[PDB]
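Since every read-out is calculated from the coordinates, none of them should be taken as a lab result. Reconstructed Cβ throughout: ideal geometry from the backbone, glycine too, with neighbour counts over all protein chains shown.
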Amino acid sequence: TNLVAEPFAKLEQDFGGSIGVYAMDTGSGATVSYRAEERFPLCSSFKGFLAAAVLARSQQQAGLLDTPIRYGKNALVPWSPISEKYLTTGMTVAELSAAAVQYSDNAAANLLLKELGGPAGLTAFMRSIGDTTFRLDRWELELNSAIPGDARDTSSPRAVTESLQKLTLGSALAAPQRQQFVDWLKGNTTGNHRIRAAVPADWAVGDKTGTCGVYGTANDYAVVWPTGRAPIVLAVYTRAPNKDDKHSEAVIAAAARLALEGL
Ligand SMILES: C[C@H](CS)C(=O)N[C@@H](B(O)O)c1ccc(F)cc1
């Protein structure tokens, strides 16, 4: 819990919806929590964990990452800029994972989900590193419905942070695989106005965003490297109760700030 929750409550009330935060200092063990136990839509942030499910297989399947995929045009659901660009060449499993992570590429996420046996398969992976909260049920783009109280395609900020720590900094992935996942996260292009905007620009960050396009539901999670110190892992999710509600990158940044300053 949190005995100085007031800063977050005010931010949430001003926003009009739900804020969800869970931050961990790996070095000290300190944590900041606000609706950290409550379910929020993953939207696109599942793609980070997806690439990690991929990097995990690649430890048993050699050359999985270099495997080209010659996808067709009807793989190209909206918001697939990298896939769209590379339609004519195809793309490797690695490049798909990269584009999944750093551009939120929709088609590339679906192509990887297929290689792993769909949402249930990604969900199996996360159960296998100790996440009993995460569940992916659907593909892009239906998984973005963000319907109030729908448990499909949801996790909790703390289980997202705890899983992210396992895959980037602990033992769930082999050291190189682990380095590749952190490197993919560090090259993200979509998170500049969210958690990154709350960090001092001297700290290395890798993050993955999600944006459902409805119900003011948007999110981001991150590993952040302070000067001289163990890294911080955090997740900041949002939703709102009207379909019409606009999400807010500012609130995600602000809530991340409050977590970082809490720590
Ligand atoms: C409707 C929404 C676009 S607003 C969508 O279909 N997918 C989300 B995703 O978060 O799952 C998304 C958002 C931004 C991107 F650049 C890529 C993907």
**OP:** Pick out, from the stretch 75-132, the helices (runs of 4 or more DSSP H) lying fully within it that include 3 or more residues that are of a type in the set (A, V, I, L, M).
**Re:** 93-103, 106-115, 118-128
Original post:
Within the stretch 34-59, how many residues turn out to be away from the ligand (no atom under 14 Å from the Cβ) and either under 16 Å from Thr133 (Cβ atoms) or among the aliphatic types (A, V, I, L, M) (or both)?
Top reply: 11
**OP:** Examine the stretch 103-111 for a residue that is within 16 Å of the ligand (Cβ to nearest atom), over 30 Å from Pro241 (Cβ atoms), crowded, with 24+ Cβ neighbours inside 10 Å and not basic (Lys, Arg), and state whether such a residue exists.
**Re:** yes
Original post:
Any idea how many residues of the stretch 138-171 are free of Cβ contacts under 8 Å to residues at least 60 places away in the same chain, within 14 Å of the ligand (Cβ to nearest atom) and either out of contact with any strand residue (DSSP E or B) (no Cβ under 9 Å at 6 or more places or on another chain) or not in a loop (DSSP other than H, G, I, E, B) (or both)?
Top reply: 3
Original post:
So which residues in the stretch 210-233 are of a type in the set (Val, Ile, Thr), within 16 Å of the ligand (Cβ to nearest atom) and either out of contact with any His (no Cβ under 7 Å at 6 or more places or on another chain) or at positive phi (or both)?
Top reply: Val214
Subject >> Criterion (within 18 Å of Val21 (Cβ to Cβ) and either in contact (Cβ under 8 Å) with a residue 12 or more places away in the chain or part of a loop (DSSP other than H, G, I, E, B) (or both)) met by exactly one of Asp207, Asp202, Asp244 >> reply: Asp207
Subject >> Selection within the stretch 60-80 - buried (at least 20 other Cβ atoms within 10 Å of the Cβ) and away from the ligand (no atom under 15 Å from the Cβ) >> reply: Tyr71
**OP:** Please work out if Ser83 is without any contact (Cβ under 8 Å) to a residue 60 or more places away in the chain, within 14 Å of the ligand (Cβ to nearest atom) and either buried (at least 24 other Cβ atoms within 10 Å of the Cβ) or under 21 Å from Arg152 (Cα atoms) (or both).
**Re:** yes
